[PDB]
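A short worksheet on the structure shown next.
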Amino acid sequence: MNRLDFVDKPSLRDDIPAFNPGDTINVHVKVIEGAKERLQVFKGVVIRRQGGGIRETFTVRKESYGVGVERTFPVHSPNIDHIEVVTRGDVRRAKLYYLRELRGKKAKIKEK
Amino acid sequence: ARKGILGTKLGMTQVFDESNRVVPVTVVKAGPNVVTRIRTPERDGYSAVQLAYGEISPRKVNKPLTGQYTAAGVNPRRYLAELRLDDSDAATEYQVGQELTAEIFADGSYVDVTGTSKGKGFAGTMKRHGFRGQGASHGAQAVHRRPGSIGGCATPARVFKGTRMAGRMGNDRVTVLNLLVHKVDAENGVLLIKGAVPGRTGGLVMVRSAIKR
Amino acid sequence: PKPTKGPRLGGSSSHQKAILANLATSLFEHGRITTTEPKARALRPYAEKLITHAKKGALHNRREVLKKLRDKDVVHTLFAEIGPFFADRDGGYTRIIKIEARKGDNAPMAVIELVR
Amino acid sequence: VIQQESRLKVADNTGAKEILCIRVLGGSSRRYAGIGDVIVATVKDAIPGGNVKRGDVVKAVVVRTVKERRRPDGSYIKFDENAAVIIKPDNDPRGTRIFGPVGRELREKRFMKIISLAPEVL
Amino acid sequence: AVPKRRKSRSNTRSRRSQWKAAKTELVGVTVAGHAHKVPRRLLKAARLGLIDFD
RNA sequence: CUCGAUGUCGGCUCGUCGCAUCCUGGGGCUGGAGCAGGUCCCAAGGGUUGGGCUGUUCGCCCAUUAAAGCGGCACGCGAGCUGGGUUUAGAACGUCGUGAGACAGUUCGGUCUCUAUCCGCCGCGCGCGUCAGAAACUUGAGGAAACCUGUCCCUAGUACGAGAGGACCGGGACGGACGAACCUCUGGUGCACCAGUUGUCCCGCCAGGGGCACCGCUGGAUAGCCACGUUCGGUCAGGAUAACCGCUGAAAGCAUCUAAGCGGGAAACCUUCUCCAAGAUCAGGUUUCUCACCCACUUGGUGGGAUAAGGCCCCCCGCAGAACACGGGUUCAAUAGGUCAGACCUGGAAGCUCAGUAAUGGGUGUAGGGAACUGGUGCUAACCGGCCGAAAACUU
RNA sequence: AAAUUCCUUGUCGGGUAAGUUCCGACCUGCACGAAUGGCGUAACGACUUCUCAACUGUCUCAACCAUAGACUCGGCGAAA
RNA sequence: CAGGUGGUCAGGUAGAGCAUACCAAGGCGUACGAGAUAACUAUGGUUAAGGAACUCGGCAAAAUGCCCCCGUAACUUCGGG
Ligand SMILES: [Mg+2]
Ligand SMILES: [Mg+2]
Ligand SMILES: [Mg+2]
Ligand SMILES: [Mg+2]
Ligand SMILES: [Mg+2]
Ligand SMILES: [Mg+2]
Ligand SMILES: [Mg+2]
Ligand SMILES: [Mg+2]
Ligand SMILES: [Mg+2]
Ligand SMILES: [Mg+2]
Ligand SMILES: [Mg+2]
Ligand SMILES: [Mg+2]
Ligand SMILES: [Mg+2]
Ligand SMILES: [Mg+2]
Ligand SMILES: [Mg+2]
Ligand SMILES: [Mg+2]
Ligand SMILES: [Mg+2]
Ligand SMILES: [Mg+2]
Ligand SMILES: [Mg+2]
Ligand SMILES: [Mg+2]
Ligand SMILES: [Mg+2]
Ligand SMILES: [Mg+2]
Ligand SMILES: [Mg+2]
Ligand SMILES: [Mg+2]
Ligand SMILES: [Mg+2]
Ligand SMILES: [Mg+2]
Ligand SMILES: [Mg+2]
Ligand SMILES: [Mg+2]
Ligand SMILES: [Mg+2]
Ligand SMILES: [Mg+2]
Ligand SMILES: [Mg+2]
Ligand SMILES: [Mg+2]
Ligand SMILES: [Mg+2]
Ligand SMILES: [Mg+2]
Ligand SMILES: [Mg+2]
Ligand SMILES: [Mg+2]
Ligand SMILES: [Mg+2]
Ligand SMILES: [Mg+2]
Ligand SMILES: [Mg+2]
Ligand SMILES: [Mg+2]
Ligand SMILES: [Mg+2]
Ligand SMILES: [Mg+2]
Ligand SMILES: [Mg+2]
Ligand SMILES: [Mg+2]
Ligand SMILES: [Mg+2]
Ligand SMILES: [Mg+2]
Ligand SMILES: [Mg+2]
Ligand SMILES: [Mg+2]
Ligand SMILES: [Mg+2]
Ligand SMILES: [Mg+2]
Ligand SMILES: [Mg+2]
Ligand SMILES: [Mg+2]
Ligand SMILES: [Mg+2]
Ligand SMILES: [Mg+2]
Ligand SMILES: [Mg+2]
Ligand SMILES: [Mg+2]
Ligand SMILES: [Mg+2]
Ligand SMILES: [Mg+2]
Ligand SMILES: [Mg+2]
Ligand SMILES: [Mg+2]
Ligand SMILES: [Mg+2]
Ligand SMILES: [Mg+2]
Ligand SMILES: [Mg+2]
Ligand SMILES: [Mg+2]
Ligand SMILES: [Mg+2]
């Protein structure tokens, strides 16, 4: 509980799935290209949750063309359409920063 | 017509607007004020209005200060400040005994916010005034954060006044201009103000309408 | 507890870990300790959190007291006699009393003791 | 963020592989360049038999950055290498195709040709 | 930096008079039927026999 | 002047002033079509970059810029720093000297001392004053600070021009630099946080732990502090002006910006914006509170003593802090600590149990441990108290 | 064009985005030269000099942490 | 008085070691203290993105680092490198 929870409570998004660091996630991002409003999917491994309620972020990481990319989104952000949980990973950390220096087979997470 | 209210900085959070942009907001609790005193130019020489804010126990307000709230018919408050007006049209809207709430400000308005900034103690010339300091290597001897020269030579044989030196920093009166009022929550007495507000969380804050808009 | 704001007792912070551990051993053994006043202040949230373990009184609470105290004889009397004594009291198991300062360096002294 | 004497991986088929930032264009004494900013650079490494040679002074546009960039919706994007694309003076690339993904901040900076050639615009 | 000149009698006395001990307040204590005087921060220990009156 | 010592080049740090102006601002003339300029007049508010080479100053060069101004202050600044150069003792080269040695010729190496007394400067207190003693809120005489500027778009491919080119004035959008506040975000830090792990010693042993090894090391990390971060700012409107442009108008039948008089007019000046500010000794204003005793005397605008309002020390503390000060609280109390529940950080404790020959792995169980943030709770300490603190009159 | 070249940052080539230093030559050697040795040389150097990879708070540009001081209290108590 | 002073004895676990870390036997806590998150100074530590742009000069810091097995250039006085 916090002092500013009554401010944040009409702004939290329900129906966000439970996901841990290590999971593989689809992120459906609203994109504005002129006057089109399409929807682009970012598929990757969750490497971070930094808590806080309305100010909670998460970071997802993929490998596009030999180049690792990380996106950091606010949880409860309205430019996320929805989040789909592909794969449950099995890790021992919480921040998973060691995946930033691994490539290929060695950057692969288990299946629990 | 410059408006004004007293409140408390409740800290920061973040909110999203209609174009889905993130907005860093400061929560000011623009609490229910009361007037208690009006300055007229025939009595006082100038034109203003006192404002009283904050719940206090009546055993903590001493006898000289209780008699001033007694002459206005108001229970004693904790804080007490004036809103300085222009000379024309003093208090045709302000009456002694009037309660002032958070919703004198509208959404999308602009406000000047003034408070007492955070105390930084005895600060050095690098922190206080942004000096560079000397280098970390190439022989430099024990002057890494020291100021350097403080003047000329035998002309003039003195240091000029207002030379930037070390000393105490903070606890100042700071006004921040042209802050956007993102939301006024009349249910709670809470203004969502875009940006930063001077002071610690819990401190007294004066919220006036902006002159520059 | 709240960590020390400022320089730690006895020089380093590893010396302070042993100053608090040796003073709590001597407190639970004699029921009363004469020391300097800043150490009596620093002992009070340290020692009251060990009595809260002895009020719970399980094996996992005993293994957690033994992380800080290297003396099994005083771990016995904390769990056999001090812990069950304070079972009806919700916090505040100690008391600091201010004593006359000592000759030699004019250090402010204080005693700290368990309540009854 | 990229300043002078930073080395960047060239991400098109002009023939270069490495450029050293000389200026960050866009004002007097501008410190840093992020995604979308234009650089004066010199070619340090180059493929044998290329359009560009070692020692040529070119203009480039940064497309990838190791330091995180705030987007106005509170999101962030971060890559693993600092990359650039050598351009003509009309903001068109000298090469014929782009390698790797590019940041989306090139869209308000009118780099429409680099966006169309890029494999993925995040 | 050495001193340039010795100070006069007026200038050394004005500084030296500000080296002075601050006395303490004394309140009243009756223990064992004896009226004593202690400082107020020692009032609880005086009532518990923890203070030696010499 | 100084030889019973006034430390000499460049750089670094921090500056301050001048205008003979580099940019931005206002003008006159032009061999000023436009766009660009040339030249002169006014103008010092702010601005005035990063590198390569050289001990360098200077200079040349690279890439930019609205521009990369020139000088003074012991060629500002070594009780602020540096020591590449000059300018000790070593050594070499060329040259001169019979030689010892010499060289505004070269070369490599070569101790930078000091606890701040006074004035000055930045901060912060104590005292007294302000004609009773106090408390709250304020006026602003007079100061401080700040002041930069670009690109694209619209007007408009219009005005101008044979063409190529290409506007003024007005309107809008997004910048760079600098600065202030702030901690929501991001990023850093983390010495009583969690976890993993190596060596060794110890807790009798197993198990579970601890001491030490830079916090042993490694992966994280709430709070505070912070920038690499987030927000905001230099807005607009006057007043009097500079160069310049006039109006009416003589002396001097015309004419003339001037001699009487009246206008226009710039980032300079004064207001307006922000901040300090009644020790502003001309010590201000509006209010509220106490509004009271007693003794001695050489009867004095006397000297005591005791109080009122009020304050202070003590005490519990603070995101206030070098000391001091300021702020909060003191039982009618949530002030700190404990305690209980949240938030968050870590990441699945111990014991038991099952699986495996074992190293280990699943279950019990989003477990256990835990500091700063939020809330309840009267358990511990805020106490059974000391010190200060209120008035001649008179004149109109 | 040198531990020697004043003029001088000689000129040309190389290296750099840019090189008064460096390497390669040229010869116009102010003032080179054969045991006060001449020109080379593998190995070696806390020697002088120039360049590269790696690496970093040296720097852009600083911010935080702990300790010893400075700071408060008590004791002793100098100096130029 | 943080300097200097020849020789003999020299245990354990790890280790190549009389190095180093922890310990035994045996010694010691060595002679001003107690507090306190000021600047600043010293000694340590860490640092996003960049990586010598610093400076007279990479000065200082960081980096490399062990054991076994592959593999190794110009030049050379035939050893080396
Ligand atoms: Mg979390
Ligand atoms: Mg502080
Ligand atoms: Mg620095
Ligand atoms: Mg020194
Ligand atoms: Mg140093
Ligand atoms: Mg000097
Ligand atoms: Mg701390
Ligand atoms: Mg100490
Ligand atoms: Mg240790
Ligand atoms: Mg003399
Ligand atoms: Mg100057
Ligand atoms: Mg002039
Ligand atoms: Mg002109
Ligand atoms: Mg100027
Ligand atoms: Mg001005
Ligand atoms: Mg170089
Ligand atoms: Mg000089
Ligand atoms: Mg000078
Ligand atoms: Mg000097
Ligand atoms: Mg001769
Ligand atoms: Mg000479
Ligand atoms: Mg020399
Ligand atoms: Mg000094
Ligand atoms: Mg004024
Ligand atoms: Mg600041
Ligand atoms: Mg936070
Ligand atoms: Mg963060
Ligand atoms: Mg621990
Ligand atoms: Mg074991
Ligand atoms: Mg031990
Ligand atoms: Mg943090
Ligand atoms: Mg004007
Ligand atoms: Mg004021
Ligand atoms: Mg004055
Ligand atoms: Mg007054
Ligand atoms: Mg107080
Ligand atoms: Mg809890
Ligand atoms: Mg388990
Ligand atoms: Mg078994
Ligand atoms: Mg198990
Ligand atoms: Mg030459
Ligand atoms: Mg040479
Ligand atoms: Mg040569
Ligand atoms: Mg000859
Ligand atoms: Mg011969
Ligand atoms: Mg001969
Ligand atoms: Mg020879
Ligand atoms: Mg040798
Ligand atoms: Mg520098
Ligand atoms: Mg002393
Ligand atoms: Mg000795
Ligand atoms: Mg010897
Ligand atoms: Mg041995
Ligand atoms: Mg040894
Ligand atoms: Mg000794
Ligand atoms: Mg400190
Ligand atoms: Mg770094
Ligand atoms: Mg890094
Ligand atoms: Mg590199
Ligand atoms: Mg290099
Ligand atoms: Mg350099
Ligand atoms: Mg330089
Ligand atoms: Mg070194
Ligand atoms: Mg090292
Ligand atoms: Mg070799």
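Convention: sequence-line order gives letters A, B, ...; per-chain numbering from 1.
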- Message: Strictly under 4.0 angstrom, non-hydrogen atoms only: write out the protein contact profile of nucleotides 370-377 of chain F, one letter per nucleotide from the 5' end, B, S or -.
- Response: -BB-B---
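- Remark: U287(F) base-pairs with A135(F). Criterion, Watson-Crick or G-U wobble with two distances under 3.5 Å.
- Contact annotation for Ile22(D): base contact, defined as any heavy-atom pair under 4.0 Å involving a base atom.
- Base-pair annotation: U189(F) with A19(H) fails the Watson-Crick or G-U wobble criterion (two N/O distances, each under 3.5 Å).
- A Watson-Crick or G-U wobble pair joins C373(F) and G342(F), with the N1-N3 or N1-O2 distance and the second distance both under 3.5 Å.
- Donor-acceptor pairing under 3.5 Å, judged by distance alone, is absent between the side chain of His60(C) and the base of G368(F).
- With centres closer than 5.5 angstrom and planes tilted by less than 30 degrees, the six-membered rings of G311(F) and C312(F) count as a stacked pair.
- For the pair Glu25(E) CD and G385(F) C1', the computed distance is 9 Å after rounding to whole Å.
- Comparing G123(F) with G109(F), their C1' atoms sit 48 Å apart, to the nearest whole Å.
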Hey, can you pull the donor-acceptor pairs under 3.5 Å for the side chains in residues 79-86 of chain B, sequence neighbours left out?
residue  : atom : partner  : partner atom : Å
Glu82(B) : OE1  : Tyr46(B) : OH           : 3.0
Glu82(B) : OE2  : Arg39(B) : NE           : 2.6
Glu82(B) : OE2  : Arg39(B) : NH2          : 3.0
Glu82(B) : OE2  : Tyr46(B) : OH           : 3.4

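- Residues that satisfy the side-chain contact (heavy atoms from CB on, under 4.5 Å) test with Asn22(C), not counting sequence neighbours, are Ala18(C).
- For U11(G) and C12(G), a centre-to-centre distance below 5.5 angstrom and a plane angle below 30 degrees are both found for the six-membered base rings.
- For the pair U111(F) and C112(F), the rule of 5.5 Å between ring centres and 30° between base planes classifies them as not stacked.
- Nucleotides of RNA chain G with any atom under 4.0 Å from a heavy atom of chain C span, from 5' to 3', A66(G) to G74(G).
- Within the 4.0 angstrom heavy-atom criterion, base atoms lie near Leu20(C).
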- Indicate for each nucleotide in nucleotides 205-219 of chain F, in 5' to 3' sequence, whether protein heavy atoms under 4.0 Å reach the base (B), only the sugar-phosphate (S), or nothing (-). ---SSSSS------S
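- With a 5.5 Å centre cut-off and a 30° plane cut-off, the bases of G44(H) and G45(H) come out stacked.
- For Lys194(B), taking side-chain heavy atoms from C-beta onward, the closest of the listed nucleotides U231(F), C40(H), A34(H) is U231(F).
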Distances under 3.5 Å between nitrogen or oxygen atoms of protein and nucleotides 138-142 of chain F:
residue : atom : partner  : partner atom : Å
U138(F) : OP1  : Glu82(B) : N            : 3.4
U138(F) : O2'  : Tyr46(B) : OH           : 2.5
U139(F) : OP1  : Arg84(B) : NH1          : 2.6
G140(F) : OP1  : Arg84(B) : NH2          : 3.4
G140(F) : OP2  : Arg84(B) : NH1          : 3.1

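- The residue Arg47(E) sits close to a base: some heavy atom pair falls under 4.0 Å.
- More than 90° away from 0 lies the glycosidic angle of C205(F), which makes this nucleotide anti.
- Geometrically, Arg71(D) does not engage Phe73(A) in a cation-pi contact defined by less than 6.0 Å to the ring centre and at most 45° from the axis.
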